[PDB]
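Here is the structure we will look at.
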Protein chains: 4
Amino acid sequence: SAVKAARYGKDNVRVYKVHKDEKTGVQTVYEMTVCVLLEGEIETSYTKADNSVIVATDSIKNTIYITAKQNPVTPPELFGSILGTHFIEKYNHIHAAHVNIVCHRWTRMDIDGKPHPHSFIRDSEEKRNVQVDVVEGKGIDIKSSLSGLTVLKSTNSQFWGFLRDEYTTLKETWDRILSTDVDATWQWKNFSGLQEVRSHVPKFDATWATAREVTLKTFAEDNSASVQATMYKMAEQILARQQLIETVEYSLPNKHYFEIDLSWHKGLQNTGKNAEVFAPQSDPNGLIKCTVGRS
Amino acid sequence: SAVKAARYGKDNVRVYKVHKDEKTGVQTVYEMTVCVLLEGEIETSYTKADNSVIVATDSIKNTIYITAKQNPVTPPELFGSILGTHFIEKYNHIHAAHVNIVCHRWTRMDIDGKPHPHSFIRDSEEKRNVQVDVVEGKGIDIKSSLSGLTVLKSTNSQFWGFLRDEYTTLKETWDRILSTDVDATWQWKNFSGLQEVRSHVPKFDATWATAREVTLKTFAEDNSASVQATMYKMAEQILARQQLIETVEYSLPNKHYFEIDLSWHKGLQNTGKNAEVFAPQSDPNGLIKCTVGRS
Amino acid sequence: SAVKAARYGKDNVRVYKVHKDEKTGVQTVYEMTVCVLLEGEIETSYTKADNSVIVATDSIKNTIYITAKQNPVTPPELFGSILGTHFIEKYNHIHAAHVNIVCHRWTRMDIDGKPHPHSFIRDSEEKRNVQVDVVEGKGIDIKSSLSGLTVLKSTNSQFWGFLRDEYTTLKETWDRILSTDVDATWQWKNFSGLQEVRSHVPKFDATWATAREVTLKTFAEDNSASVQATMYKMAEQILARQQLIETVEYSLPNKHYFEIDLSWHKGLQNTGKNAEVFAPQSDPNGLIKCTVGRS
Amino acid sequence: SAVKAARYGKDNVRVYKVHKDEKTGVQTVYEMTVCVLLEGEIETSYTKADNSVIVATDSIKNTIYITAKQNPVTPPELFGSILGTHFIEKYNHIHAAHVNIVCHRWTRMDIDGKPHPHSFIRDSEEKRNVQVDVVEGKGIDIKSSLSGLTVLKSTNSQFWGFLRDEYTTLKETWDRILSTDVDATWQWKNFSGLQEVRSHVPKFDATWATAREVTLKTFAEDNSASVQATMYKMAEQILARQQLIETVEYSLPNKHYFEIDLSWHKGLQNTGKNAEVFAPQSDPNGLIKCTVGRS
Ligand SMILES: O=c1[nH]c(=O)c2nn[nH]c2[nH]1
Ligand SMILES: O=c1[nH]c(=O)c2nn[nH]c2[nH]1
Ligand SMILES: O=c1[nH]c(=O)c2nn[nH]c2[nH]1
Ligand SMILES: O=c1[nH]c(=O)c2nn[nH]c2[nH]1
Ligand code: NA
Ligand code: NA
Ligand code: NA
Ligand code: NA
């Protein structure tokens, strides 16, 4: 037998950082969950019980805190790139670092119409994520995403004209509820190293904001022919607005809401044009994916 | 042996309702999870296999959908009271109904600065809940609550002057992070029946809004001596603003964020006044409760 | 306003303890999650910011570890009683302690047909729990339970003869699947104090074992007329076998498995006597409760 | 823009099947959660709103139930291969099917030392899984796994001799607790089609049993130098026992249990050789992965 692939590190490292403006008294908080996995010349830890090649996962944890102390943690694309680069530069035998960051929302409270200097609310479990792969001699690959963005529209969704055969019971419809949890990922062109990532810092927050805005507007305004058609429109627009993105991937559940026929009860009308009360279905769910790139 | 207490019914009934304004084209959605448990002269179903006394839980489910079709589902205090009353009026041998409703957020989207007519976002997993106990000959008892409101302040929280003995290691502090998930419940005076609940309909949404506003403002503005002292200030204000409330109960976890001593690493200063990076603790957590009533 | 009720403490305290037999080399592990909430003369911490009356929740945490170091942690009824008594004896102004313990399964591995001395497996998320209320001058009240015991029988369950009216669509059945997650609680007679709890130590594990055995056997062997009738048979037997129990409470979801009509597809027969493939329903679910006591 | 990749289908399809032996009266149940995603000539559903190429996800759901009605559902490797093959054979424009199956445990109850004919218990949330990729013209690729197998050993684990630098605080140890949740995957050699999968049917259950047995025995008996070294020993043995496996992958969290220094309290000794009470850590956790193949 031989080791074909190996990686190891620390997962689920929760980190909070506060920035305090001495002039204004305004404080800003960041909270993330971080995972770092390393690869390199470590096969002998598996095959020969040679621990000398192991940077202990506990040390990886310490390194995350130290790096957060000495560097900006925003945008997460930058922090992830700093953190990954550290490991390949510090340890001769480590040749790749894989950094995943999940950013949790702490949104400044408005109290009596004014932004509060040091109080925050978790407005939704929507996350902003990054995956950063730092590979020695191959640069820095960054995938940015938003996830857990849950939306619903109560009309202006259709689904007709699909294949009908002996396995089909679904009725065509020209008016249905459409609800999903949005997972959207944009992959940046490969960066040569940290200097290049630094050069593009302003683009990271702006592209996240654009991706979110395009997602919401397209969902709200499209008279949707299918999840497939609406998601493609989203991806097309993001690629048009940021030339440094190579691909956009969407993964969308179709969270079904079923009509309830109540006609058995005193002829009550609750289907089609008369439908008011529906039964949300926890499972199963459609799952629709697509990756869109450039011609 | 004897049956000392019994209740049964249907839990986890998901319900969605849409309201469509024909004039404006504006649609409004409501989504809830409902539980209904019944009590009454049903002992023989347990002791003698006498199913004749059982309103099937499946029928309870149907009743929830039918009731939602024929009645307003908002405010939930009203819907719960209608639903509970139905069972005690319809079935001679049923003498109490216990209705729990959890309301999920579907907040209208703003697209380009204007409210969208039929598109919604789940902005946080904060819930608005009601528990309604309808007891034949004893009226309607309603407990309203908000839950899952997660907040954090990065300063203006203190904790000193507590009991110190041989079990104590905690250091006194004049500046710490305070974070919690708010669970707040206000109990209404007993209502004589549905007519009285209807008479107070406007008070339900207004009191929820007040409870939420008082919670947020007090949390943000109090230079907190402890969770105990801050929560009492919240409860006091709610009772002052709504005379039909008899008690207010808060249940608050103290979600700890620990300083990380980094001085072992090149004398890095990250404690006390120099603290920037902290470790959020998933467990354990303080849990502080209080019920406040009138003199 | 006035404080009507207050309690506070530490939740979610994870504790592991190992016992090592020097003679045999056999090791035995216990893992629990503990919550302790205190009541007493603490109103002024809420109303006056008087922290002098507060035993810090951090100190409660330390006390749990110290108590586990110096005492047996099994049976949990005993450990809970020791822990609760500590607080009322140590602190003059604390008058009640409420201790909840959840015990996690670590079952010794059998390797090649022999019990391993120090290796364990988590065989299911079934828990053994205790709630212990130690109230000064009123003794020790203990509720023991098992929870998360998930079972299914594929036949020998019936449900017919229930009330039928204009809200009823459920068909009567003489053969259905019955599946539930068992939550069973037995409440002990009040104990005068720790000496009396110690005197009954052997009864605690034996009664848990009996409760579990009666639950499983009755479920498997009863040709069930309803969840109500089967659960009553369980409770009756437990009360018969342990005279120091005052009441038994069961809370049982009815986890539905629906027939799937496939007759639309080439006349495939999958209902009634021909039913082979079913659709488990995640929600909604029936919920059936009963508390059984002595004549 | 262009569609670079696309797949769609139905997720979270819960399925139960019962087998009834008419001769013996013995019943056997299977419960699974199934996901099926399709690929093929479907780009126009995304780019042109052409639904004619879409096999509706609802129809995929129906197909899963029909296929389960007409075929064995065990071993899951076979069922997955039947299900995947169906889609590529039935639909000209569908060229790949991706089938994921999670099998839930329903273990026959022993009542009074005898196996019960129709009563079952969920003994742990351990799963047996398969991923089957059926690709037209490229055969059938099957990855089998077990997951959610949670184990702990209280001694006979060591970790010393790792890299020490200015980021290291971890002390070397010759005796620690080791606990993990095992995720183990074995990848079969590519099969040419369904006939070949059928020819190897007996190997599937046998290899699962072997993988589980090797995992448990190795964990229990290895005086472990690290998670890395122990997991490699596991993978080596599985590859030795089944020649039709090409690779074995393990992914193991290191679930930490920390010593608690109690010496501040009356000199209580609870570290090193005196350690009895530990604090299980929910997060962070080490994460160690390896893929082992043949020389
Ligand atoms: O078994 C281990 N492997 C590791 O890589 C490691 N790092 N810290 N502790 C550890 N334990
Ligand atoms: O066992 C049952 N008890 C009930 O009360 C019920 N209601 N619907 N189905 C049921 N099954
Ligand atoms: O606000 C607090 N209240 C308490 O009771 C406590 N105990 N430890 N820390 C604490 N903080
Ligand atoms: O938008 C949809 N896309 C699909 O592929 C599908 N299949 N069933 N319903 C559906 N809705
Ligand atoms: Na390197
Ligand atoms: Na009545
Ligand atoms: Na006392
Ligand atoms: Na094909």
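To be explicit about the labels: the chains of the structure tokens are called A, B, and onward in the order shown, and within each one the residues are counted from 1, while ligands get numbers from 1 in the order they are shown.
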
Select residues of chain B: the criterion is any atom within 8 Å of an atom of chain A, counting only C-alpha atoms; output as number ranges by chain. B: 14-19, 27, 29, 65-66, 68-69, 106, 111, 116, 118-125, 149-155, 216-217, 220, 262, 270, 276-280

Could you give me, as a list in words, every polymer residue with an atom at most 10 Å away from an atom of ligand 7, counting only C-alpha atoms and all ligand atoms?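 After applying the 10 Å limit, what remains is residues 39, 40, 41, 85, 86, 87, 88, 89, 90, 91, 92, 93, 94, 95, 96, 97, 135, 136 and 137 of chain C.
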
Stretch 33-228 of chain A: residues DSSP assigns to helix (DSSP H, G or I), reported as a PyMOL selection string: chain A and resi 43-47+51-53+57-70+76-90+194-199+201-221+227-228

Which residues, written as an MDAnalysis selection string, have at least one atom at most 12 Å from residue A:289, with only C-alpha atoms counted and residues fewer than 6 positions away on the same chain left out? (chainID A and resid 182:185 227:232 235 248:254) or (chainID D and resid 3:10 37:39 42:43 45:46)

Backbone DSSP call of strand (DSSP E or B) for stretch 155-256 of chain B, listed as a list in words: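 In stretch 155-256 of chain B, DSSP puts these residues in strand (DSSP E or B): residues 157, 159, 163, 173, 178, 179, 180, 181, 182, 183, 184, 185, 186, 187, 188, 191, 224, 245, 246, 247, 248, 249, 250, 251, 252, 253 and 254 of chain B.
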
Please, can I see chain D fitted onto chain B by all in-order Cα atoms (least squares), as a compact mmCIF listing (two decimals) with C-alpha atoms, in the first residue's frame?
```txt
# COMPACT_ATOMS: atom_id res chain seq x y z
CA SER D 1 -53.22 2.45 38.34
CA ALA D 2 -55.13 5.52 37.12
CA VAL D 3 -54.69 8.17 34.44
CA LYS D 4 -53.64 11.32 36.26
CA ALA D 5 -53.20 13.52 33.18
CA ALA D 6 -53.45 13.03 29.44
CA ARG D 7 -53.16 15.16 26.35
CA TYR D 8 -52.69 14.33 22.71
CA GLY D 9 -52.77 15.99 19.31
CA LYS D 10 -50.68 16.99 16.31
CA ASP D 11 -47.26 18.65 16.40
CA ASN D 12 -45.11 20.27 13.71
CA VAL D 13 -47.94 21.22 11.36
CA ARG D 14 -46.37 23.63 8.85
CA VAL D 15 -48.82 26.16 7.38
CA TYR D 16 -48.36 28.92 4.79
CA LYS D 17 -51.05 31.48 3.88
CA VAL D 18 -50.97 34.16 1.22
CA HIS D 19 -53.14 37.30 1.13
CA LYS D 20 -53.59 38.91 -2.30
CA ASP D 21 -54.75 42.51 -2.63
CA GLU D 22 -56.69 42.70 -5.91
CA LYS D 23 -56.53 46.53 -6.00
CA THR D 24 -52.78 47.04 -5.45
CA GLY D 25 -51.43 43.65 -6.59
CA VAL D 26 -49.49 43.43 -3.30
CA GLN D 27 -49.19 39.96 -1.77
CA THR D 28 -48.38 39.20 1.87
CA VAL D 29 -47.28 35.80 3.17
CA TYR D 30 -47.47 34.15 6.60
CA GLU D 31 -45.75 30.96 7.58
CA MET D 32 -46.14 29.17 10.91
CA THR D 33 -45.60 25.86 12.64
CA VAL D 34 -48.57 24.81 14.76
CA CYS D 35 -49.09 22.31 17.55
CA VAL D 36 -52.50 21.49 19.05
CA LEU D 37 -52.97 19.23 22.07
CA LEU D 38 -56.38 18.35 23.50
CA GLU D 39 -57.54 17.25 26.96
CA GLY D 40 -60.88 16.00 28.18
CA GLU D 41 -62.87 12.88 28.84
CA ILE D 42 -60.48 10.60 26.96
CA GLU D 43 -59.12 8.28 29.69
CA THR D 44 -60.87 5.24 28.18
CA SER D 45 -58.76 5.42 25.01
CA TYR D 46 -55.79 4.67 27.27
CA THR D 47 -57.37 2.21 29.73
CA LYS D 48 -59.97 0.32 27.64
CA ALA D 49 -58.85 0.69 24.00
CA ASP D 50 -61.96 2.83 23.45
CA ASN D 51 -61.13 4.86 20.34
CA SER D 52 -64.63 6.35 20.14
CA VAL D 53 -63.49 9.31 22.27
CA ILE D 54 -60.53 10.13 20.00
CA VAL D 55 -60.65 13.00 17.56
CA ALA D 56 -57.92 11.57 15.29
CA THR D 57 -54.72 13.61 15.20
CA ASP D 58 -55.06 13.55 11.39
CA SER D 59 -58.43 15.34 11.82
CA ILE D 60 -56.77 17.91 14.05
CA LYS D 61 -54.33 18.54 11.18
CA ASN D 62 -57.21 19.01 8.71
CA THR D 63 -58.90 21.37 11.16
CA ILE D 64 -55.82 23.57 11.33
CA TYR D 65 -55.79 24.00 7.54
CA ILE D 66 -59.57 24.61 7.36
CA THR D 67 -59.41 27.17 10.18
CA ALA D 68 -56.52 28.98 8.47
CA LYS D 69 -58.59 29.06 5.24
CA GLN D 70 -61.62 30.63 6.91
CA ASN D 71 -60.00 33.04 9.39
CA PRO D 72 -57.22 35.62 9.68
CA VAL D 73 -53.95 34.02 10.77
CA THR D 74 -52.66 37.29 12.22
CA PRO D 75 -52.12 38.32 14.94
CA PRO D 76 -51.22 34.79 16.07
CA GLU D 77 -52.86 35.43 19.48
CA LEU D 78 -56.18 35.71 17.66
CA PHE D 79 -55.66 32.72 15.37
CA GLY D 80 -54.62 30.55 18.31
CA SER D 81 -57.70 31.59 20.28
CA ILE D 82 -60.02 30.81 17.32
CA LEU D 83 -58.39 27.44 16.81
CA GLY D 84 -58.51 26.47 20.50
CA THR D 85 -62.11 27.59 20.97
CA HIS D 86 -63.17 25.49 17.98
CA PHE D 87 -62.27 22.25 19.71
CA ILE D 88 -64.02 22.94 23.00
CA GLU D 89 -67.17 24.14 21.22
CA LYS D 90 -67.31 21.36 18.64
CA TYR D 91 -66.64 18.35 20.88
CA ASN D 92 -68.68 17.93 24.04
CA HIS D 93 -66.08 15.76 25.78
CA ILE D 94 -63.06 17.93 24.99
CA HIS D 95 -62.52 20.45 27.76
CA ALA D 96 -59.15 22.09 27.04
CA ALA D 97 -57.11 22.91 23.94
CA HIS D 98 -53.48 23.90 24.01
CA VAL D 99 -52.26 25.72 20.92
CA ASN D 100 -48.64 26.61 20.24
CA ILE D 101 -47.72 28.69 17.20
CA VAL D 102 -44.27 29.60 15.95
CA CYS D 103 -44.25 32.37 13.33
CA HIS D 104 -41.37 32.41 10.84
CA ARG D 105 -40.08 35.63 9.31
CA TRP D 106 -40.84 36.44 5.69
CA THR D 107 -39.82 40.07 5.30
CA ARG D 108 -40.74 41.94 2.12
CA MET D 109 -37.70 42.59 -0.11
CA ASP D 110 -36.63 46.12 -1.01
CA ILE D 111 -35.48 46.18 -4.62
CA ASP D 112 -33.91 49.49 -5.76
CA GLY D 113 -35.31 51.27 -2.68
CA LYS D 114 -38.91 50.16 -3.23
CA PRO D 115 -40.90 47.38 -1.44
CA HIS D 116 -41.47 44.44 -3.78
CA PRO D 117 -45.09 43.26 -4.19
CA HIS D 118 -44.46 39.51 -3.91
CA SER D 119 -40.84 38.70 -2.95
CA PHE D 120 -39.63 37.95 0.58
CA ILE D 121 -36.48 37.17 2.52
CA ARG D 122 -35.94 35.22 5.73
CA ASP D 123 -34.07 37.87 7.75
CA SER D 124 -32.96 35.78 10.76
CA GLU D 125 -34.29 32.85 12.61
CA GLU D 126 -35.88 35.09 15.24
CA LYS D 127 -39.42 33.83 15.94
CA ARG D 128 -42.61 35.31 17.30
CA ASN D 129 -44.53 32.70 19.29
CA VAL D 130 -47.77 32.22 21.13
CA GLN D 131 -49.04 29.66 23.59
CA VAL D 132 -52.84 29.71 23.95
CA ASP D 133 -54.62 27.58 26.53
CA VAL D 134 -58.38 27.50 26.05
CA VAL D 135 -60.00 25.84 29.07
CA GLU D 136 -63.77 25.32 29.21
CA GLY D 137 -65.30 27.54 31.89
CA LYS D 138 -61.94 29.22 32.62
CA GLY D 139 -61.46 31.42 29.54
CA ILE D 140 -58.35 31.92 27.41
CA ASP D 141 -54.81 32.24 28.73
CA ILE D 142 -52.28 33.65 26.27
CA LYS D 143 -48.48 33.79 26.57
CA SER D 144 -46.77 35.72 23.77
CA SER D 145 -43.01 35.56 23.15
CA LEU D 146 -40.08 36.39 20.98
CA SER D 147 -37.16 34.00 20.74
CA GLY D 148 -33.95 33.53 18.81
CA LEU D 149 -32.98 37.21 18.93
CA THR D 150 -29.19 37.05 19.02
CA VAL D 151 -27.23 40.14 20.06
CA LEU D 152 -23.73 41.16 21.11
CA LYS D 153 -22.15 44.27 22.59
CA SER D 154 -18.39 44.62 22.56
CA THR D 155 -18.05 46.88 25.61
CA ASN D 156 -20.17 48.55 28.36
CA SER D 157 -20.68 45.33 30.27
CA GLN D 158 -19.13 44.73 33.69
CA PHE D 159 -19.14 41.98 36.26
CA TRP D 160 -17.54 42.58 39.65
CA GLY D 161 -18.46 42.35 43.32
CA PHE D 162 -19.71 38.76 43.23
CA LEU D 163 -19.23 36.21 46.04
CA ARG D 164 -15.65 34.91 46.29
CA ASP D 165 -14.82 31.69 48.11
CA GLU D 166 -12.66 28.58 47.70
CA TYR D 167 -14.64 27.57 44.57
CA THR D 168 -14.02 30.87 42.78
CA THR D 169 -11.45 31.48 40.04
CA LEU D 170 -13.31 34.12 37.99
CA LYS D 171 -11.58 37.52 37.89
CA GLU D 172 -13.62 40.67 38.38
CA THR D 173 -14.00 42.76 35.25
CA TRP D 174 -15.04 46.29 34.30
CA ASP D 175 -15.11 45.70 30.55
CA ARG D 176 -16.29 42.52 28.83
CA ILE D 177 -18.23 41.29 25.82
CA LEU D 178 -21.89 40.46 26.46
CA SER D 179 -23.78 38.27 24.02
CA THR D 180 -27.08 36.40 24.40
CA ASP D 181 -30.03 34.83 22.61
CA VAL D 182 -33.13 36.56 23.91
CA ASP D 183 -36.20 34.53 24.95
CA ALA D 184 -38.85 36.93 26.33
CA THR D 185 -42.43 35.99 27.23
CA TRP D 186 -45.29 38.26 28.30
CA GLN D 187 -48.39 36.72 29.88
CA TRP D 188 -51.71 38.46 29.25
CA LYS D 189 -54.45 38.78 31.83
CA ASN D 190 -56.98 35.96 31.44
CA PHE D 191 -59.58 36.67 28.72
CA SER D 192 -63.18 35.55 29.20
CA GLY D 193 -63.53 34.22 25.68
CA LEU D 194 -63.13 34.98 22.02
CA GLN D 195 -65.15 38.19 22.08
CA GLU D 196 -62.76 39.71 24.60
CA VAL D 197 -59.68 38.53 22.66
CA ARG D 198 -61.15 40.19 19.55
CA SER D 199 -61.67 43.43 21.49
CA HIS D 200 -57.91 43.66 22.18
CA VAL D 201 -56.61 42.65 18.73
CA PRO D 202 -54.66 45.88 18.07
CA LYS D 203 -52.71 45.47 21.34
CA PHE D 204 -51.06 42.21 20.27
CA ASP D 205 -48.80 43.43 17.44
CA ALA D 206 -48.14 46.70 19.30
CA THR D 207 -47.00 44.91 22.45
CA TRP D 208 -44.73 42.56 20.48
CA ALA D 209 -43.14 45.60 18.79
CA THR D 210 -42.72 47.33 22.17
CA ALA D 211 -41.19 44.26 23.79
CA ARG D 212 -38.69 43.96 20.93
CA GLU D 213 -37.83 47.68 20.96
CA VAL D 214 -37.38 47.81 24.75
CA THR D 215 -35.18 44.72 24.63
CA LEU D 216 -32.89 46.09 21.94
CA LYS D 217 -32.62 49.64 23.33
CA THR D 218 -32.01 48.55 26.91
CA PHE D 219 -29.38 46.03 25.85
CA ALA D 220 -27.59 48.63 23.73
CA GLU D 221 -27.75 51.51 26.23
CA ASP D 222 -27.39 49.91 29.67
CA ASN D 223 -23.92 50.01 31.17
CA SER D 224 -24.60 46.56 32.40
CA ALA D 225 -23.73 45.49 35.95
CA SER D 226 -24.76 41.90 35.20
CA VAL D 227 -27.19 40.03 32.98
CA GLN D 228 -29.54 39.98 36.01
CA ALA D 229 -29.63 43.77 36.35
CA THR D 230 -30.05 44.50 32.64
CA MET D 231 -32.83 41.97 32.13
CA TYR D 232 -34.78 43.37 35.08
CA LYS D 233 -34.67 46.84 33.50
CA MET D 234 -36.16 45.36 30.32
CA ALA D 235 -39.03 43.61 32.10
CA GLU D 236 -39.83 46.68 34.22
CA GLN D 237 -40.30 48.84 31.11
CA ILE D 238 -42.54 46.37 29.27
CA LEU D 239 -44.87 46.08 32.29
CA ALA D 240 -45.02 49.88 32.47
CA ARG D 241 -46.12 50.21 28.83
CA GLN D 242 -48.88 47.61 28.68
CA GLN D 243 -51.32 47.31 31.56
CA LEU D 244 -52.96 44.12 30.23
CA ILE D 245 -49.71 42.16 30.79
CA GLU D 246 -49.47 40.43 34.17
CA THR D 247 -45.90 39.12 34.04
CA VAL D 248 -42.79 39.22 31.85
CA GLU D 249 -40.28 36.37 31.88
CA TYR D 250 -36.79 36.50 30.38
CA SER D 251 -34.48 33.54 29.86
CA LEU D 252 -30.98 34.57 28.75
CA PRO D 253 -27.88 32.53 28.08
CA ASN D 254 -24.57 34.25 28.76
CA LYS D 255 -22.57 33.25 25.64
CA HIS D 256 -18.96 33.61 26.73
CA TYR D 257 -16.11 35.09 24.72
CA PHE D 258 -12.74 34.37 26.34
CA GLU D 259 -9.56 36.44 26.17
CA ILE D 260 -6.60 34.64 24.58
CA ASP D 261 -3.22 35.17 26.26
CA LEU D 262 -0.65 35.33 23.48
CA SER D 263 2.24 36.59 25.63
CA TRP D 264 4.05 33.24 25.29
CA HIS D 265 4.55 34.20 21.64
CA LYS D 266 7.10 37.02 21.34
CA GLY D 267 5.42 38.93 24.23
CA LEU D 268 2.34 39.64 22.11
CA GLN D 269 -0.17 41.65 24.16
CA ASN D 270 -3.78 40.48 23.83
CA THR D 271 -5.33 40.73 27.31
CA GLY D 272 -7.15 43.49 29.24
CA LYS D 273 -6.89 46.85 27.48
CA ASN D 274 -4.92 45.19 24.66
CA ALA D 275 -7.49 42.45 23.94
CA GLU D 276 -8.45 42.28 20.26
CA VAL D 277 -8.81 38.59 19.42
CA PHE D 278 -11.13 36.40 21.51
CA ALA D 279 -12.27 32.78 21.48
CA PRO D 280 -16.06 32.38 21.42
CA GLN D 281 -17.05 29.45 23.68
CA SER D 282 -19.74 27.08 22.42
CA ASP D 283 -20.27 25.59 25.89
CA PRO D 284 -20.79 25.78 28.79
CA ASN D 285 -22.95 28.88 29.14
CA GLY D 286 -24.50 30.85 31.95
CA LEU D 287 -28.29 30.73 32.03
CA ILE D 288 -30.15 33.50 33.81
CA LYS D 289 -33.91 33.63 34.28
CA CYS D 290 -36.37 35.95 35.93
CA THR D 291 -40.12 36.48 36.09
CA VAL D 292 -41.23 40.03 36.90
CA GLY D 293 -44.77 40.89 37.94
CA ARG D 294 -46.70 43.74 39.51
CA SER D 295 -46.36 44.97 43.12
```
